Protein chains: 4
Amino acid sequence: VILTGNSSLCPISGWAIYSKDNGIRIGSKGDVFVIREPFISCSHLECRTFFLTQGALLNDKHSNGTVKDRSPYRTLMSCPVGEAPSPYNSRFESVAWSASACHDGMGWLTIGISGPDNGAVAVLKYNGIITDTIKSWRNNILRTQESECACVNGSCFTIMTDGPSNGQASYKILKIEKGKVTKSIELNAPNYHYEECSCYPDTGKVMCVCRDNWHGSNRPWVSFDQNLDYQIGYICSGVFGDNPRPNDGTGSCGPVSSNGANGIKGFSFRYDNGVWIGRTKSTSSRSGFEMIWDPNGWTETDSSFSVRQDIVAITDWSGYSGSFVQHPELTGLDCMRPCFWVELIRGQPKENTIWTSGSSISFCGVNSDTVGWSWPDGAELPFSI
Amino acid sequence: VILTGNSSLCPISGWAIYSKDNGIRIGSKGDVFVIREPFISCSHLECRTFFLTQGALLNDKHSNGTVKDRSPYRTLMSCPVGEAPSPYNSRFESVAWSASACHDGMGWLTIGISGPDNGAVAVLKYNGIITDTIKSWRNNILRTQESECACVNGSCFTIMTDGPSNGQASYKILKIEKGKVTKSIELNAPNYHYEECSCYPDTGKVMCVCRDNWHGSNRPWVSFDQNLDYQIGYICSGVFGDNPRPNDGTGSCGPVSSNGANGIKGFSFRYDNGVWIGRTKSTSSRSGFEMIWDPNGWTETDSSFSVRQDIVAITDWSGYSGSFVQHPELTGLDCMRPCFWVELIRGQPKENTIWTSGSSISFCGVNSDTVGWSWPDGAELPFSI
Amino acid sequence: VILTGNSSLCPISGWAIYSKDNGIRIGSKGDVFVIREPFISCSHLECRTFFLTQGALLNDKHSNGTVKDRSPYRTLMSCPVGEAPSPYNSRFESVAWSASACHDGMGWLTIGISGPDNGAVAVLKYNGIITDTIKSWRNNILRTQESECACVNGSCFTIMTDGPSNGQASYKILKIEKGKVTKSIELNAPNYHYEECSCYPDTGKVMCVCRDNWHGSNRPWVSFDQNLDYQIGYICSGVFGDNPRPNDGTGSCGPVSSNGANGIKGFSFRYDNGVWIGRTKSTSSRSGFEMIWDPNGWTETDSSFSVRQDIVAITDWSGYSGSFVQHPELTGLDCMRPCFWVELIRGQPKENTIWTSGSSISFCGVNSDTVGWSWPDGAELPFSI
Amino acid sequence: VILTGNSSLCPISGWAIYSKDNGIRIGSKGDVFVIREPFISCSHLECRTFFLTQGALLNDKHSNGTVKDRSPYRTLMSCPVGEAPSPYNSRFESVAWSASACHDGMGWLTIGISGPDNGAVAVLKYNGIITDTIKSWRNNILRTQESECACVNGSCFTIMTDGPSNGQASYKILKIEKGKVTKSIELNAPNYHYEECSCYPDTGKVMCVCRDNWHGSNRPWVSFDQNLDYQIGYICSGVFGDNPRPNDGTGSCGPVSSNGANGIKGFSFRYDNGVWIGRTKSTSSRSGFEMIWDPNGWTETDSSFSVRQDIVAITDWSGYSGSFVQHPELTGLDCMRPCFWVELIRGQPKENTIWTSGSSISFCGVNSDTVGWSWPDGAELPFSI
Ligand SMILES: *[C@@H]1O[C@H](CO)[C@@H](O[C@@H]2O[C@H](CO)[C@@H](O[C@H]3O[C@H](CO)[C@@H](O)[C@H](O[C@H]4O[C@H](CO)[C@@H](O)[C@H](O)[C@@H]4O)[C@@H]3O)[C@H](O)[C@H]2NC(C)=O)[C@H](O)[C@H]1NC(C)=O
Ligand SMILES: *[C@@H]1O[C@H](CO)[C@@H](O[C@@H]2O[C@H](CO)[C@@H](O[C@H]3O[C@H](CO)[C@@H](O)[C@H](O[C@H]4O[C@H](CO)[C@@H](O)[C@H](O)[C@@H]4O)[C@@H]3O)[C@H](O)[C@H]2NC(C)=O)[C@H](O)[C@H]1NC(C)=O
Ligand SMILES: *[C@@H]1O[C@H](CO)[C@@H](O)[C@H](O)[C@H]1NC(C)=O
Ligand SMILES: *[C@@H]1O[C@H](CO)[C@@H](O)[C@H](O)[C@H]1NC(C)=O
Ligand SMILES: [Ca+2]
Ligand SMILES: [Ca+2]
Ligand SMILES: [Ca+2]
Ligand SMILES: [Ca+2]
Ligand SMILES: [Ca+2]
Ligand SMILES: [Ca+2]
Ligand SMILES: [Ca+2]
Ligand SMILES: [Ca+2]
Ligand SMILES: [Ca+2]
């Protein structure tokens with residue numbers, strides 16, 4: 001079965017909780033990896049949590065977070081959804097300090113980038129076998145989504161960036177077939193900035209909503225078809241999606257400069273001219289999380305919206321978030337089901353531990369009754385080491 | 001295979017021991033979850049122990065019981081029968097502080113309720129994919145069986161309660177097909193109280209034996225067909241089934257008010273006008289466990305009975321108990337085999353630890369020789385943390 | 001595939017090492033069960049180590065060996081051959097303080113005996129489902145092989161004893177089909193004593209070599225066909241097989257009274273009128289292990305033998321041992337392959353620890369070059385707890 | 001599927017990183033074996049890391065290295081590629097202090113040598129069942145590759161050595177079919193020394209590149225067809241491959257005596273008259289690792305080469321290395337893909353711990369962009385015990 005990716009997003013009214021791994025609470029006693037970016041992705045049969053570890057465990061000296069983000073120890077691993085990430089239940093995927101993965105209906109594509117800042121190489125694997133490599137073309141931290149790539153009709157698609165994180169960089173869409181890059185195109189996107197894209201399939205095409213780290217407090221997006229014919233823009237809503245950001249106000253269909261530098265990985269789902277935005281509750285801190293339905297927020301610049309669903313209270317830490325979908329081949333539905341995950345970051349810099357790790361929660365969009373609450377990390381810091 | 005559920009309960013003379021997990025003894029050293037309600041449910045292929053954890057391990061500070069029962073950390077997980085519940089051998093099922101699960105012959109249905117007390121939502125999954133949600137209709141702690149739902153002819157059935165635990169509440173039967181609620185009905189049950197139902201299939205219908213927490217020291221029951229045409233009553237026997245309860249005496253076919261407030265999850269099996277009652281040995285404490293065959297105990301109020309089989313000595317702690325069955329599709333038999341599990345609760349409030357957990361034992365009904373004994377938890381408390 | 005069991009034992013010249021689990025060395029740090037009787041048994045696809053645990057781990061207070069042997073905590077579990085027995089890699093089989101198991105080509109038969117000394121019940125399971133029970137018929141510690149039962153042509157066979165361990169008892173052969181006892185017969189064996197039988201299939205029949213705990217320092221045997229037509233005797237060799245025993249000398253075809261009380265589980269393989277005897281090296285202590293080929297030792301009473309192969313040095317602890325076979329269905333050979341396991345007992349009474357546990361080694365008989373050595377337990381006692 | 005082994009080595013330009021297990025970093029906290037020789041071998045379906053352990057974990061007294069290398073505790077185990085080797089994720093293979101393994105397309109062959117120095121025996125298993133044994137013919141430490149054997153057209157091939165490690169010894173090629181030795185031949189190799197061969201299939205034949213521990217600082221090789229018709233030589237390049245070795249200079253097609261005694265397990269791949277050499281960066285210490293393409297280095301003695309790719313910095317410890325391939329049956333390619341693993345040795349004798357262990361990295365040859373870097377072990381020594 002190759003996933004067709006021809007269905008449109010399911011009608012939904014809210015988000016039902018799908019998983020919670022309690023990774024950090026468990027790792028207080030058990031043998032649990034220090035991780036970041038616990039992104040979920042699914043096949044036609046099952047869903048997995050992928051994550052990066054520095055190959056060190058919680059409550060151990062090697063968790064010391066003074067290690068560079070881009071270290072030769074960092075690996076992409078995966079485990080079943082909702083389980084603490086341990087060396088006893090986790091599969092090895094790739095050596096990587098930046099990553100993506102996705103399933104085409106027949107096999108897993110994993111992308112793991114390692115190597116030096118001035119010449120990083122993405123290693124592509126299909127079913128665990130190396131199938132291609134892509135080397136840095138600007139010699140400045142080649143990097144990718146940190147969430148699932150999107151697959152449509154036997155090809156999978158991702159976005160890579162190379163260049164400054166605080167100025168204009170270079171952005172490419174990649175089309176990958178059975179692990180081999182068969183087409184790419186560079187975005188002609190002066191004055192845009194794309195990092196950490198959350199990309200999903202929709203009606204035979206792909207939509208990516210990303211992080212502008214340079215000068216936008218709204219999120220950039222890029223959409224494209226199977227030929228890589230693309231469109232670009234920013235989400236117009238004055239309900240700003242990045243962190244940090246200003247208070248809600250008048251939005252822009254280009255980058256909103258106020259509080260624009262820096263950011264956080266996030267996602268949104270487009271429905272017609274409306275948008276579901278996932279975002280932190282705080283405008284300044286990685287605290288809280290909420291889903292907002294703004295029925296004209298993709299294309300209109302007002303700050304009005306119609307629904308807010310609480311996910312994590314502003315008094316609790318949140319973190320990266322990303323989209324994942326469940327295809328009809330998996331669910332039996334006739335539409336593409338949107339879901340998202342949230343990383344709940346504990347430790348440095350906000351808290352007095354030697355380490356930084358995340359646990360995770362995830363939700364799927366449903367057209368049935370839901371409720372807002374807070375499902376935070378719950379660990380009591382610090383630990384013993 | 002869909003399980004037909006048309007067979008009648010097997011003839012039995014007693015109970016043979018099926019499993020014992022020694023979870024707490026093992027958790028003295030190993031990495032074992034703090035758990036409650038270790039209920040068993042089976043498919044046509046295998047049996048699993050489902051349970052709720054606070055996402056915390058024994059011998060760790062996060063096991064501190066002062067965590068509310070209905071926390072955002074609580075999850076429904078499952079592991080193979082008879083194994084200590086560890087993060088290294090347990091599958092994640094649902095985020096949940098009250099739960100049920102059962103298999104229809106084709107896939108697992110799990111029901112996990114989380115959210116706030118005033119608006120809890122049951123997330124239903126079939127084969128791990130969200131298929132439906134049910135929101136609180138009385139805004140007062142929507143809650144369910146804490147043991148296996150019952151499946152007959154491709155539909156599965158459960159009971160949910162919403163409302164006070166110390167007065168009249170609202171009780172609904174749900175009919176669920178491939179994880180979708182296809183029918184429900186509210187019980188017209190003034191003066192009844194239903195919590196924590198133990199429900200099993202028998203001859204194409206379902207029988208549930210429950211807990212009256214309001215004003216009954218005998219157990220309420222509800223039985224229904226596939227259309228949800230129901231009957232209700234209380235077990236008539238003067239061999240009282242709840243805990244606490246009075247000394248055995250004259251029963252009632254309605255709620256027995258003496259020592260009626262409070263209670264414990266339990267079960268019973270009806271055979272004609274007779275009943276197999278599982279109950280604690282103490283009338284005041286959650287201590288001991290025994291099976292009693294009262295050949296007229298379903299419909300008659302005398303305190304006479306004919307067989308007692310010891311399961312746990314009165315000098316050892318017991319706890320919740322529930323029914324599970326093994327269908328002909330699993331066993332090759334021509335009848336529905338009754339089994340039960342018992343939770344052996346250690347820690348608070350009866351013991352001086354920061355935590356409360358249970359281990360489990362289980363037994364199956366056989367028409368061959370058996371013996372009474374005591375198979376208690378066996379852990380020596382307190383632990384280190 | 002049902003195993004035919006019609007082949008005769010393979011011609012062999014010696015024993016090649018098959019496994020070593022290093023369980024106790026590993027359990028110095030890892031989470032490893034305290035176990036006894038690590039017996040191996042195989043299907044047509046794989047081999048497993050079965051074992052009894054008190055549901056406690058090494059380096060923990062619950063390993064305190066003052067617990068009765070026959071406790072309600074004892075369980076029969078299994079794990080893959082050669083792996084340390086941990087709660088993370090072990091399957092639960094049965095609640096049991098005496099056990100046997102074997103595979104008929106279609107499913108696993110497990111037999112676990114629990115309950116009180118005066119009324120123990122063996123629970124039989126086939127594919128994990130209870131299929132029969134057998135209750136004590138002399139009310140005096142019903143007990144069985146502690147090694148694999150033997151299967152021939154769709155039936156499996158075992159020996160149970162009930163009665164004194166220091167005088168005449170009662171011995172029965174059981175024939176079991178898909179987990180159900182279909183025939184049994186009591187041995188007419190005045191002045192014999194049978195415990196802890198090691199039974200293997202050979203040419204459509206079964207041979208058991210056992211432990212006389214009453215008054216024999218040679219080993220009793222019983223052989224029988226599928227109808228339970230049986231023969232009994234003792235191994236005639238003056239190379240005495242039990243522990244304790246006298247120095248080698250003139251044997252007897254009945255029980256050898258010198259040093260006859262007490263014993264150890266062991267095994268031997270009959271070839272024509274000759275015998276391979278596995279035995280401790282010490283006549284008085286459970287120390288060392290060796291395989292002896294005595295070409296007339298089944299029926300002749302001299303103390304001459306022709307081959308000795310060292311297995312464990314006399315300076316290292318040994319313990320229980322038993323036979324297992326690999327059938328043609330597994331191996332592809334045209335003969336029945338004999339193997340054996342040895343339990344290497346550490347701790348009490350010989351050593352200053354609170355616990356007693358065994359690790360294991362195993363060997364298979366080959367007709368190719370082999371070597372004698374010592375493969376002892378290797379743990380450094382005591383541990384920390 | 002039997003692997004044909006008829007394809008030729010893939011064209012490559014460099015090495016892409018395939019795995020890194022961080023075993024020692026993880027073992028600082030988790031339950032991880034002390035291991036050596038973590039060699040990779042693949043089937044038509046998956047790849048595994050095989051290794052030898054002393055049956056002891058990191059951070060435990062049993063890791064005390066003073067245990068002889070050739071102990072009765074040493075076992076060959078395997079785990080998935082890239083996972084820390086733990087008792088909870090590792091399969092038992094053989095009792096062994098020297099080993100090989102490889103898959104023929106239908107099943108795993110493992111070879112494990114144990115026993116005394118004067119009479120060691122190789123136990124061969126196919127699909128885990130003993131199929132043959134080979135006893136020492138010179139009575140002086142029978143020993144084998146410590147990396148994967150090579151399979152071609154349903155036969156698998158290995159090299160064993162028996163005799164001195166510091167003078168002339170005896171070297172045999174074995175041809176093994178379904179775990180049975182069907183042919184062997186002794187190398188007529190006066191003045192050669194072969195240990196620890198790294199052997200791979202190429203165009204229906206096998207090439208082995210080995211370690212001369214007697215008097216060669218270049219590497220000996222032996223190649224042979226399916227009939228065991230062989231050729232022998234040494235790698236001619238003045239880019240010397242062993243450790244220790246002299247500075248690069250004029251090579252020889254026979255053993256280079258300068259710094260020739262001692263050595264390290266390593267590998268090289270022949271392409272026409274050229275060679276990819278993997279070697280330590282230091283000439284005196286087991287430090288660093290690099291791949292060197294010398295386009296005439298198989299047959300010509302100059303010290304010129306054309307490509308160097310860094311793998312481990314000279315400031316970090318390396319260790320043994322070996323070849324493994326991925327056959328077309330696994331990859332879908334039309335050529336035989338070369339890969340290699342490196343063992344990163346920590347502890348004694350270079351570091352102040354009681355133990356010695358390695359972690360691993362591995363790379364596969366690709367004809368696409370790659371990059372040099374350093375991917376060292378990363379553990380901070382000493383540990384607690
Ligand atoms: C398991 O959970 C239990 C419930 O949370 C814990 O019990 C609680 O422990 C805390 C200690 O932090 C205690 O807090 C208050 O104790 C005093 C009230 O009786 C009060 O004087 C304290 O106030 C002082 O200290 C705090 C610092 O935390 C300052 O903010 C104040 O300014 C002041 O200096 C404090 O508020 C709780 O009373 C107690 N709760 C209950 C319900 O008993 C257990 O400690 C925990 N067990 C384990 C083993 O960890
Ligand atoms: C890892 O293994 C190493 C090798 O086994 C250990 O080193 C050995 O430690 C032992 C201590 O038991 C030591 O034993 C002898 O030490 C003296 C010789 O130099 C000698 O005086 C001792 O004799 C005395 O003590 C013994 C009791 O054991 C009595 O029998 C005697 O009567 C006398 O009172 C003793 O024989 C070894 O010398 C030493 N071996 C070597 C080769 O250096 C390490 O201890 C171990 N490391 C860890 C961390 O455990
Ligand atoms: C962590 O690493 C940094 C940099 O190497 C060092 O300065 C610091 O002391 C370390 N902290 C701990 C707790 O080991
Ligand atoms: C073990 O148990 C016995 C009997 O209960 C007791 O006497 C002894 O003190 C215990 N030992 C330890 C170390 O706990
Ligand atoms: Ca920004
Ligand atoms: Ca709007
Ligand atoms: Ca009550
Ligand atoms: Ca009655
Ligand atoms: Ca531990
Ligand atoms: Ca005896
Ligand atoms: Ca003789
Ligand atoms: Ca050398
Ligand atoms: Ca050259």
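Residues numbered from 1 in each chain as written, not as in the entry; some residues may be left out. Chains lettered and ligands numbered in written order. Heavy atoms only, no water.

Colleague: Mind showing me how you'd approach the packing of aromatic side chains here?
Modeller: Here a ring pair, both rings aromatic, is described through the centre-centre distance and the interplanar angle of the planes. Following the criterion strictly, the structure yields 96 aromatic pairs over all chains and no others. Aromatic pair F267 of chain B and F289 of chain B: ring centres 6.4 Å apart, planes at 20°, arrangement stacked. One end of the pair, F267 of chain B, is in the loop between β17 (230-234) and β18 (268-271); the other, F289 of chain B, is in strand β20 (residues 287-294), and 22 residues separate them in sequence. Residue classification places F289 of chain B among the buried positions, given a relative accessible area of 1%. Every member of this aromatic cluster is reached through a ring pair, and the members are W15, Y200, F267, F269, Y271, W276, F289, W293, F340, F363, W373 and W375 of chain A. A cation over a ring is seen here: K125 of chain C above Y18 of chain B, with NZ or CZ 4.4 Å from the ring centre. (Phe/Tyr/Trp six-rings, centres within 6.5 Å; stacked < 30°, edge-to-face > 60°. Helix = DSSP H or I, 4+ residues; strand = E, 2+ residues; numbered from the N terminus. Buried < 20%, exposed > 50% of the residue type's maximum accessible area, 1.4 Å probe, protein only. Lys NZ or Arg CZ within 6 Å of the ring centre and 35° of its normal.)

Colleague: Got a minute to help me understand the site of ligand 1 in this structure?
Modeller: Near ligand 1 the following residues occur: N64, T66 and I354 of chain B. One of the side-chain nitrogen or oxygen atoms of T66 of chain B is found 2.8 Å away from an oxygen atom of ligand 1. (Near = heavy atom within 4 Å. Polar contact = N/O pair within 3.5 Å; in protein donor to acceptor, adjacent residues only side chain to side chain.)

Colleague: Sorry if this is basic, but what is going on with the pairing of strand β16 (residues 220-224) of chain C here?
Modeller: Side-chain direction in a regular strand flips from residue to residue, so the side chains alternate between the two faces of the sheet. Of all 5 residues making up β16 of chain C, 5 are buried, and the element is well covered by its neighbours. From the end of β16 of chain C to the start of strand β17 (residues 230-234) of chain C, which pair antiparallel, there are 5 residues, and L228 of chain C there has a positive phi angle of about 70°. (Pairing = 2+ DSSP bridges.)

Colleague: Mind showing me how you'd approach the coordination of the calcium ion (ligand 13) here?
Modeller: Under perfect tetrahedral coordination by four donors, a metal shows angles of 109.5 degrees; under perfect octahedral coordination by six donors, it shows angles of 90 or 180 degrees. For the calcium ion (ligand 13), the full set of protein donor atoms is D294 of chain D (OD), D294 of chain D (OD), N296 of chain D (OD1), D302 of chain D (OD) and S304 of chain D (O), at a range of 2.2 to 2.6 Å. Among the residues examined, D294 of chain D registers a relative accessible area of 0% and is labelled buried. (Donors = N, O, S within 2.8 Å, 3.2 Å for Na, K, Ca; no water.)

Colleague: Could you clarify how one ought to interpret the relation of the copies chain A and chain D in this entry?
Modeller: In this structure, two copies of a chain are linked by a rotation about an axis accompanied by a shift along it. With an RMSD of 0.1 Å, the operation that places chain A on chain D is a rotation of 90° combined with a shift of 0.0 Å along the axis. Both chain copies can therefore be described as sitting about a four-fold axis. Of the C-alpha atoms belonging to chain A, the one lying closest to the rotation axis is found on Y88 of chain A, 4.4 Å away. (Least-squares fit on C-alpha atoms.)

Colleague: Would you mind going over the state of the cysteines with me for this structure?
Modeller: Covalent bonding between the sulfur atoms of two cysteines is what defines a disulfide. Under the definition given, this model contains 32 disulfides over all chains. Between the sulfur of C339 of chain A and that of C364 of chain A lies a disulfide, 2.1 Å long from S to S. Measuring the twist about the S-S bond at about 100°, one finds the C339 of chain A-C364 of chain A disulfide to be right-handed. Within this pair, whereas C339 of chain A is found in strand β23 (residues 337-347), its partner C364 of chain A is found in strand β24 (residues 356-366), the two being separated by 25 residues in sequence. The exposure classification of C339 of chain A matches that of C364 of chain A, with both residues buried. In this model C151 of chain B forms its disulfide with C156 of chain B; the gap between the sulfur atoms is 2.1 Å. Since a negative S-S torsion denotes a left-handed disulfide, the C151 of chain B-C156 of chain B link at about 100° is right-handed. With no disulfide of its own, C79 of chain A has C47 of chain A as its nearest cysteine by sulfur position, at a separation of 12 Å. Here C79 of chain A falls in the buried class, since its relative accessible area comes to 1%. (Disulfide = S-S within 2.5 Å.)

Colleague: Can you walk me through the UniProt feature "active site" in chain A in this structure?
Modeller: All names here are of chain A. Under the local residue numbering, the UniProt record ascribes the feature "active site" to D69 and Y320. Residue placement: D69 occurs in the loop between β3 (47-57) and β4 (75-80). What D69 contacts, discounting residues up to four positions off in sequence, is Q54, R74 and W97. Along the chain, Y320 falls in the loop between β21 (307-317) and β22 (321-326). (UniProt positions renumbered as here; feature names shortened; annotations may be inferred. Contact = heavy atoms within 4.5 Å.)

Colleague: Any chance you could explain the interface of chain B and chain A here in plain terms?
Modeller: Accessible area lost on assembly of the parts is the figure often given for the size of an interface. At the junction of the two partners, chain B supplies 39 residues and chain A supplies 39 residues. Note on chain B versus chain A: buried area summed over both sides is about 3100 Å², and carbon and sulfur give 59% of it. Across the pair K29 of chain A and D31 of chain B runs a salt bridge whose closest N-O atoms are separated by 2.9 Å. For the interface between chain B and chain A, the tally reads 18 residue pairs in polar contact. Sorting the residues of the side of chain B that touches chain A by element identifies β3 (47-57), β4 (75-80), β5 (91-95), β8 (121-126) and β9 (129-135) of chain B as the ones contributing at least two each. No other element matches the 5 residues that β9 of chain B contributes to the side of chain B that touches chain A. Broken down by class, the residue content of the side of chain B that touches chain A amounts to 17 nonpolar, 13 polar and 9 charged. (Buried area = accessible area lost by both parts, 1.4 Å probe. Salt bridge = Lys/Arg side-chain N within 4 Å of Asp/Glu carboxyl O. Nonpolar A, V, L, I, M, F, W, Y, C, P; charged D, E, K, R; others polar.)

Colleague: Sorry, what's going on with the interface of chain A and chain D here?
Modeller: With 39 residues of chain A in contact, the opposing surface of chain D contributes 39 residues. For the pair chain A and chain D, the summed buried area comes to about 3100 Å², and 60% of that belongs to carbon and sulfur atoms. The interface formed by chain A and chain D contains 1 salt bridge. Summed over the shared surface of chain A and chain D, the result is 18 residue pairs in polar contact. The element best represented in the side of chain A that touches chain D is strand β9 (residues 129-135) of chain A, accounting for 5 residues. Grouping the amino acids of the side of chain A that touches chain D by side-chain chemistry returns 17 nonpolar, 13 polar and 9 charged.

Colleague: Before we go on, may I ask you to explain the relation of the copies chain B and chain A in this structure?
Modeller: Once turned by 90° and shifted 0.0 Å along the axis, chain B lies on chain A with an RMSD of 0.1 Å. Residue by residue, only 10% of the interface of chain B is reproduced at the interface of chain A, so the copies engage with different surfaces.

Colleague: Would you mind showing me how to read the UniProt feature "binding site: substrate" in chain A here?
Modeller: Residue and element names in this part refer to chain A. Under the UniProt annotation, the feature "binding site: substrate" is placed at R36, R70, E195, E196, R211 and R286. Here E195 is to be found in strand β14 (residues 195-202). Setting aside chain neighbours within four positions, we find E195 in contact with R143, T161, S165, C210, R211 and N213. Among the polar contacts listed, one links the side chain of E195 to the side chain of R143, at a separation of 2.9 Å. Relative to the assigned elements, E196 resides in strand β14. Of the residues examined, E196 reaches a relative accessible area of 13% and is grouped as buried.

Colleague: Can you help me understand the sheet that holds strand β18 (residues 268-271) of chain D in this one?
Modeller: The strands making up a sheet associate through backbone hydrogen bonding, with each pair oriented either parallel or antiparallel. All names here are of chain D. With antiparallel pairing, the 4 strands of this open sheet are ordered in space as β18-β19-β20-β21. Single-partner strands in this sheet number two, and they are β18 and β21 (307-317). Within the sheet, the average angular offset between the axes of one strand and its neighbour, ignoring direction, is 10°. Relative to strand β19 (residues 274-279), β18 is paired through 4 bridges, and the arrangement is antiparallel. Residue pairing in the sheet places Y271 in a bridge with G274 of β19. (Axes fitted to C-alpha atoms, helices over the stretch in contact; angles between N-to-C directions.)

Colleague: What's the story with the coordination of the calcium ion (ligand 11) in this structure? I'm lost.
Modeller: All names here are of chain C. Taken together, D294 (OD), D294 (OD), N296 (OD1), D302 (OD) and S304 (O) make up the protein donors of the calcium ion (ligand 11), found 2.2 to 2.6 Å from the metal. Expressed as a motif, the donor residue spacing for the calcium ion (ligand 11) is D-x1-N-x5-D-x1-S. Look at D302 and you get partly exposed, because its relative accessible area is 30%.

Colleague: Would you mind showing me how to read the arrangement of the chains here?
Modeller: There is no contact between chain A and chain C; across them, the least C-alpha separation is 9 Å. Nowhere do chain B and chain D come into contact; their C-alpha atoms are at least 9 Å apart.

Colleague: Please clarify how the site of ligand 4 should be interpreted in this entry.
Modeller: Residue and element names in this part refer to chain C. Residues in close proximity to ligand 4 include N64, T66 and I354, which together make up its full environment. A distance of 2.3 Å separates an oxygen atom of ligand 4 from a polar atom in the side chain of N64. Within the side chain of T66, an N or O atom sits 2.7 Å from an oxygen atom of ligand 4. If ligand 4 stood free it would expose 370 Å²; the protein chains cover 30% of that surface. (Areas by Shrake-Rupley, 256 points an atom, 1.4 Å probe, with all protein chains shown as cover.)

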